[PDB]
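Asks: My structure file target05.txt, compact mmCIF, N, CA and C atoms, is below:
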```txt
# COMPACT_ATOMS: atom_id res chain seq x y z
N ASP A 53 201.10 -49.23 20.75
CA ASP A 53 202.04 -49.18 19.63
C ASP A 53 201.31 -48.91 18.32
N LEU A 54 200.06 -49.36 18.22
CA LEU A 54 199.26 -49.13 17.02
C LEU A 54 199.03 -47.65 16.77
N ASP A 55 198.80 -46.88 17.84
CA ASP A 55 198.68 -45.43 17.69
C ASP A 55 199.91 -44.85 16.98
N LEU A 56 201.10 -45.19 17.46
CA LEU A 56 202.34 -44.70 16.87
C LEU A 56 202.47 -45.13 15.42
N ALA A 57 202.21 -46.41 15.13
CA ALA A 57 202.37 -46.90 13.77
C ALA A 57 201.44 -46.17 12.80
N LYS A 58 200.15 -46.07 13.17
CA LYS A 58 199.18 -45.38 12.33
C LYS A 58 199.60 -43.93 12.08
N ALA A 59 199.96 -43.22 13.15
CA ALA A 59 200.32 -41.81 13.03
C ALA A 59 201.54 -41.62 12.12
N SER A 60 202.59 -42.42 12.33
CA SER A 60 203.80 -42.27 11.53
C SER A 60 203.53 -42.56 10.06
N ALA A 61 202.78 -43.63 9.76
CA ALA A 61 202.49 -43.96 8.37
C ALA A 61 201.71 -42.84 7.69
N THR A 62 200.66 -42.34 8.36
CA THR A 62 199.82 -41.34 7.72
C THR A 62 200.56 -40.01 7.54
N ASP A 63 201.39 -39.61 8.50
CA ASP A 63 202.12 -38.36 8.33
C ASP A 63 203.23 -38.50 7.28
N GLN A 64 203.78 -39.71 7.12
CA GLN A 64 204.69 -39.95 6.01
C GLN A 64 203.97 -39.76 4.67
N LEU A 65 202.75 -40.29 4.56
CA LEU A 65 201.97 -40.08 3.34
C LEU A 65 201.68 -38.60 3.10
N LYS A 66 201.34 -37.86 4.16
CA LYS A 66 201.11 -36.42 4.03
C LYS A 66 202.37 -35.70 3.54
N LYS A 67 203.53 -36.07 4.08
CA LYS A 67 204.79 -35.48 3.62
C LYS A 67 204.97 -35.72 2.13
N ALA A 68 204.69 -36.95 1.68
CA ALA A 68 204.83 -37.27 0.26
C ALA A 68 203.91 -36.41 -0.59
N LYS A 69 202.65 -36.22 -0.16
CA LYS A 69 201.73 -35.41 -0.97
C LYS A 69 202.21 -33.97 -1.07
N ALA A 70 202.65 -33.38 0.05
CA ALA A 70 203.13 -32.00 0.02
C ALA A 70 204.37 -31.87 -0.87
N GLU A 71 205.30 -32.82 -0.75
CA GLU A 71 206.52 -32.77 -1.56
C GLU A 71 206.22 -32.90 -3.05
N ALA A 72 205.30 -33.80 -3.41
CA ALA A 72 204.90 -33.92 -4.82
C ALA A 72 204.30 -32.62 -5.34
N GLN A 73 203.44 -31.98 -4.53
CA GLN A 73 202.82 -30.73 -4.96
C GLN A 73 203.86 -29.64 -5.20
N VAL A 74 204.83 -29.49 -4.29
CA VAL A 74 205.83 -28.44 -4.51
C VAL A 74 206.77 -28.80 -5.66
N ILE A 75 207.02 -30.09 -5.89
CA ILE A 75 207.80 -30.51 -7.06
C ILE A 75 207.11 -30.02 -8.33
N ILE A 76 205.79 -30.23 -8.40
CA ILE A 76 205.04 -29.83 -9.59
C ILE A 76 204.99 -28.31 -9.72
N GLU A 77 204.88 -27.59 -8.60
CA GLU A 77 204.91 -26.13 -8.69
C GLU A 77 206.26 -25.60 -9.15
N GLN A 78 207.37 -26.23 -8.73
CA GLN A 78 208.66 -25.84 -9.28
C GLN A 78 208.70 -26.07 -10.78
N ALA A 79 208.12 -27.19 -11.24
CA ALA A 79 208.02 -27.42 -12.68
C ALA A 79 207.24 -26.32 -13.37
N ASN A 80 206.13 -25.88 -12.77
CA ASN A 80 205.30 -24.84 -13.38
C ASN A 80 206.05 -23.52 -13.52
N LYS A 81 206.75 -23.12 -12.46
CA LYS A 81 207.54 -21.89 -12.51
C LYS A 81 208.64 -21.98 -13.57
N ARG A 82 209.30 -23.14 -13.66
CA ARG A 82 210.30 -23.35 -14.71
C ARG A 82 209.66 -23.25 -16.10
N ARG A 83 208.43 -23.77 -16.24
CA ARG A 83 207.69 -23.65 -17.49
C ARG A 83 207.52 -22.19 -17.89
N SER A 84 207.07 -21.36 -16.95
CA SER A 84 206.91 -19.94 -17.25
C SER A 84 208.24 -19.31 -17.67
N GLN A 85 209.32 -19.65 -16.95
CA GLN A 85 210.61 -19.04 -17.26
C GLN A 85 211.06 -19.37 -18.68
N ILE A 86 211.06 -20.66 -19.03
CA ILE A 86 211.57 -21.05 -20.35
C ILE A 86 210.67 -20.51 -21.46
N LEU A 87 209.35 -20.50 -21.25
CA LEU A 87 208.45 -20.01 -22.29
C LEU A 87 208.63 -18.51 -22.52
N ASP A 88 208.82 -17.73 -21.45
CA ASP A 88 209.03 -16.30 -21.66
C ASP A 88 210.38 -16.03 -22.31
N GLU A 89 211.40 -16.85 -21.99
CA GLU A 89 212.68 -16.70 -22.68
C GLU A 89 212.54 -16.94 -24.18
N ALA A 90 211.80 -17.99 -24.56
CA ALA A 90 211.58 -18.26 -25.97
C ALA A 90 210.83 -17.11 -26.64
N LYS A 91 209.79 -16.59 -25.97
CA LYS A 91 209.01 -15.49 -26.53
C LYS A 91 209.88 -14.26 -26.78
N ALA A 92 210.72 -13.91 -25.80
CA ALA A 92 211.58 -12.74 -25.94
C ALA A 92 212.58 -12.92 -27.09
N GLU A 93 213.22 -14.10 -27.16
CA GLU A 93 214.18 -14.33 -28.24
C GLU A 93 213.51 -14.25 -29.61
N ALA A 94 212.33 -14.85 -29.74
CA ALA A 94 211.63 -14.83 -31.02
C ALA A 94 211.26 -13.40 -31.43
N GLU A 95 210.75 -12.61 -30.49
CA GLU A 95 210.37 -11.23 -30.82
C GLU A 95 211.59 -10.41 -31.24
N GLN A 96 212.71 -10.58 -30.54
CA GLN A 96 213.94 -9.87 -30.91
C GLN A 96 214.36 -10.21 -32.34
N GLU A 97 214.41 -11.51 -32.66
CA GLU A 97 214.76 -11.95 -34.01
C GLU A 97 213.84 -11.34 -35.06
N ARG A 98 212.52 -11.42 -34.81
CA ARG A 98 211.55 -10.97 -35.80
C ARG A 98 211.68 -9.47 -36.07
N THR A 99 211.83 -8.67 -35.01
CA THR A 99 211.94 -7.23 -35.23
C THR A 99 213.18 -6.90 -36.05
N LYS A 100 214.32 -7.53 -35.72
CA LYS A 100 215.52 -7.16 -36.47
C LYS A 100 215.45 -7.61 -37.93
N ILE A 101 214.87 -8.78 -38.21
CA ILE A 101 214.78 -9.22 -39.61
C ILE A 101 213.85 -8.30 -40.41
N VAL A 102 212.73 -7.86 -39.81
CA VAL A 102 211.83 -7.02 -40.60
C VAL A 102 212.46 -5.66 -40.91
N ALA A 103 213.20 -5.08 -39.96
CA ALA A 103 213.88 -3.82 -40.27
C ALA A 103 214.89 -4.00 -41.41
N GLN A 104 215.66 -5.09 -41.35
CA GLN A 104 216.66 -5.36 -42.38
C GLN A 104 216.02 -5.44 -43.77
N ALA S 105 207.02 -14.36 -39.54
CA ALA S 105 207.80 -13.22 -40.01
C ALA S 105 208.14 -13.35 -41.50
N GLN S 106 208.55 -14.55 -41.92
CA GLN S 106 208.95 -14.72 -43.32
C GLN S 106 207.75 -14.60 -44.26
N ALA S 107 206.63 -15.24 -43.92
CA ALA S 107 205.42 -15.08 -44.72
C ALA S 107 204.93 -13.63 -44.70
N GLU S 108 205.15 -12.93 -43.58
CA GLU S 108 204.83 -11.51 -43.50
C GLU S 108 205.62 -10.71 -44.53
N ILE S 109 206.91 -11.01 -44.66
CA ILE S 109 207.72 -10.28 -45.65
C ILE S 109 207.26 -10.59 -47.07
N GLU S 110 206.90 -11.84 -47.35
CA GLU S 110 206.37 -12.12 -48.69
C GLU S 110 204.99 -11.53 -48.95
N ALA S 111 204.20 -11.22 -47.91
CA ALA S 111 202.99 -10.41 -48.14
C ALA S 111 203.36 -8.95 -48.42
N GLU S 112 204.31 -8.43 -47.65
CA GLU S 112 204.77 -7.05 -47.82
C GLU S 112 205.31 -6.83 -49.23
N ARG S 113 205.90 -7.87 -49.82
CA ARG S 113 206.42 -7.79 -51.19
C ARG S 113 205.31 -7.41 -52.18
N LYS S 114 204.19 -8.13 -52.13
CA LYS S 114 203.07 -7.83 -53.01
C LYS S 114 202.51 -6.44 -52.73
N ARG S 115 202.45 -6.06 -51.44
CA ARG S 115 201.99 -4.72 -51.09
C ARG S 115 202.87 -3.65 -51.73
N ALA S 116 204.18 -3.90 -51.80
CA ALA S 116 205.08 -2.94 -52.44
C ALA S 116 204.85 -2.87 -53.95
N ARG S 117 204.64 -4.03 -54.58
CA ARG S 117 204.49 -4.09 -56.04
C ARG S 117 203.26 -3.32 -56.52
N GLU S 118 202.13 -3.52 -55.84
CA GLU S 118 200.86 -2.97 -56.34
C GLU S 118 200.89 -1.44 -56.40
N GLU S 119 201.53 -0.81 -55.40
CA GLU S 119 201.58 0.65 -55.33
C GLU S 119 202.32 1.24 -56.53
N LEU S 120 203.40 0.58 -56.96
CA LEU S 120 204.13 1.04 -58.14
C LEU S 120 203.28 0.91 -59.40
N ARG S 121 202.54 -0.20 -59.53
CA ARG S 121 201.59 -0.26 -60.65
C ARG S 121 200.68 0.97 -60.66
N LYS S 122 200.07 1.27 -59.51
CA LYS S 122 199.15 2.40 -59.41
C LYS S 122 199.81 3.71 -59.85
N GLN S 123 200.99 4.00 -59.29
CA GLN S 123 201.67 5.26 -59.61
C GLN S 123 201.92 5.40 -61.10
N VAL S 124 202.54 4.38 -61.71
CA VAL S 124 202.95 4.51 -63.10
C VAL S 124 201.74 4.68 -64.00
N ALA S 125 200.66 3.93 -63.72
CA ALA S 125 199.47 4.04 -64.57
C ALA S 125 198.88 5.45 -64.51
N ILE S 126 198.70 5.98 -63.30
CA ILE S 126 198.05 7.29 -63.18
C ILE S 126 198.88 8.37 -63.85
N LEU S 127 200.19 8.39 -63.57
CA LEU S 127 201.00 9.45 -64.15
C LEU S 127 201.14 9.29 -65.67
N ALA S 128 201.11 8.05 -66.17
CA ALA S 128 201.18 7.83 -67.61
C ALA S 128 199.94 8.38 -68.31
N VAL S 129 198.75 8.11 -67.78
CA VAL S 129 197.55 8.64 -68.43
C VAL S 129 197.49 10.16 -68.27
N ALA S 130 198.05 10.70 -67.19
CA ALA S 130 198.17 12.15 -67.06
C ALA S 130 199.01 12.73 -68.19
N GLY S 131 200.12 12.08 -68.54
CA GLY S 131 200.88 12.50 -69.71
C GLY S 131 200.12 12.30 -71.01
N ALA S 132 199.39 11.18 -71.11
CA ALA S 132 198.67 10.84 -72.33
C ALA S 132 197.58 11.86 -72.64
N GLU S 133 196.91 12.41 -71.62
CA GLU S 133 195.91 13.44 -71.88
C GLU S 133 196.52 14.64 -72.60
N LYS S 134 197.66 15.13 -72.10
CA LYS S 134 198.39 16.21 -72.76
C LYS S 134 198.76 15.82 -74.18
N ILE S 135 199.30 14.62 -74.35
CA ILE S 135 199.81 14.18 -75.64
C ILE S 135 198.68 14.09 -76.66
N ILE S 136 197.53 13.55 -76.24
CA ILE S 136 196.41 13.32 -77.15
C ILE S 136 195.73 14.63 -77.51
N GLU S 137 195.52 15.51 -76.52
CA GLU S 137 194.91 16.79 -76.84
C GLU S 137 195.81 17.59 -77.77
N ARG S 138 197.12 17.57 -77.53
CA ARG S 138 198.05 18.25 -78.42
C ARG S 138 198.13 17.60 -79.80
N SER S 139 197.74 16.33 -79.92
CA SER S 139 197.84 15.60 -81.18
C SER S 139 196.48 15.38 -81.85
N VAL S 140 195.48 16.20 -81.50
CA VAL S 140 194.20 16.12 -82.19
C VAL S 140 194.37 16.52 -83.64
N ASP S 141 193.66 15.83 -84.53
CA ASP S 141 193.69 16.15 -85.95
C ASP S 141 192.28 16.00 -86.51
N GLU S 142 191.91 16.91 -87.41
CA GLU S 142 190.52 16.98 -87.87
C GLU S 142 190.13 15.74 -88.65
N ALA S 143 191.05 15.17 -89.43
CA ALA S 143 190.75 13.93 -90.13
C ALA S 143 190.54 12.78 -89.15
N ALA S 144 191.33 12.73 -88.07
CA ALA S 144 191.14 11.69 -87.06
C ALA S 144 189.82 11.87 -86.32
N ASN S 145 189.45 13.12 -86.02
CA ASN S 145 188.16 13.39 -85.40
C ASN S 145 187.02 12.94 -86.31
N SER S 146 187.13 13.26 -87.60
CA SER S 146 186.13 12.82 -88.57
C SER S 146 186.10 11.30 -88.69
N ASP S 147 187.25 10.65 -88.55
CA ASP S 147 187.28 9.19 -88.59
C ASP S 147 186.65 8.57 -87.35
N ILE S 148 186.73 9.24 -86.20
CA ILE S 148 186.00 8.78 -85.02
C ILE S 148 184.50 8.87 -85.27
N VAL S 149 184.06 9.99 -85.84
CA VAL S 149 182.64 10.13 -86.16
C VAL S 149 182.22 9.08 -87.19
N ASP S 150 183.05 8.87 -88.22
CA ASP S 150 182.75 7.92 -89.29
C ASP S 150 182.74 6.48 -88.80
N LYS S 151 183.45 6.21 -87.71
CA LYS S 151 183.40 4.89 -87.08
C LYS S 151 182.09 4.72 -86.31
N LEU S 152 181.78 5.68 -85.45
CA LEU S 152 180.63 5.51 -84.57
C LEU S 152 179.30 5.60 -85.33
N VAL S 153 179.20 6.45 -86.36
CA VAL S 153 177.97 6.46 -87.15
C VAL S 153 177.87 5.25 -88.06
N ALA S 154 178.98 4.54 -88.29
CA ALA S 154 178.92 3.30 -89.03
C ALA S 154 178.44 2.14 -88.16
N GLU S 155 178.77 2.15 -86.87
CA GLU S 155 178.22 1.10 -86.02
C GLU S 155 176.87 1.46 -85.40
N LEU S 156 176.57 2.75 -85.25
CA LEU S 156 175.27 3.18 -84.71
C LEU S 156 174.15 2.97 -85.73
```
Show me this structure written as structure tokens.
Replies:
Amino acid sequence: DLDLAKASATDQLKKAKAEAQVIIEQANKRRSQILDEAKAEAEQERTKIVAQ
Amino acid sequence: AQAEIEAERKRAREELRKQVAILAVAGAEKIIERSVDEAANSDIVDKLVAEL
């Protein structure tokens, strides 16, 4: 029974590590998206104000 | 962008100073040569030989 208990606990921990890593990668991709949206909006505003 | 426009403001001002000054002295050369007078020329000489 100890074999089963050890294996289940350790693979549960492995699942947690993988899930945390992909959670953080989703955060990183969202970071890129929002930052590029801000950059595009700012550049659009700046170009139109300087022409005006 | 806003500080950029306030730099551009000074850039616009200086060029107009340059234009008006150059064209004004261009007119002044004509005006002064046409307005030469022998007594004034003698007074220029009488000034410089008085300080020399």
Asks: Under the rule that all atoms listed in the file are counted, which of S:132, S:106, S:144, S:123 is the nearest residue to chain A?
Replies: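 Once distances to chain A are computed over all atoms listed in the file, the minimum belongs to S:106.
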Asks: Pull out every residue of chain S that has at least one atom within 10 Å of chain A, counting only C-alpha atoms, and report them as a PyMOL selection string.
Replies: chain S and resi 105-106+108-109
Asks: Could the residues in this selection be saved with N, CA and C atoms as a compact mmCIF listing (two decimals), in the frame of the given file?
Replies:
```
# COMPACT_ATOMS: atom_id res chain seq x y z
N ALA S 105 207.02 -14.36 -39.54
CA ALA S 105 207.80 -13.22 -40.01
C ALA S 105 208.14 -13.35 -41.50
N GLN S 106 208.55 -14.55 -41.92
CA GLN S 106 208.95 -14.72 -43.32
C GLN S 106 207.75 -14.60 -44.26
N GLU S 108 205.15 -12.93 -43.58
CA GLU S 108 204.83 -11.51 -43.50
C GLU S 108 205.62 -10.71 -44.53
N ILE S 109 206.91 -11.01 -44.66
CA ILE S 109 207.72 -10.28 -45.65
C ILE S 109 207.26 -10.59 -47.07
```
Asks: May I have the centre and edge lengths, in Å to one decimal, of an axis-aligned box around the listed atoms of stretch 76-88 of chain A with 6 Å added to every side, as lines of an AutoDock Vina configuration file?
Replies:
```
center_x = 208.2
center_y = -23.1
center_z = -15.5
size_x = 18.7
size_y = 26.2
size_z = 26.1
```
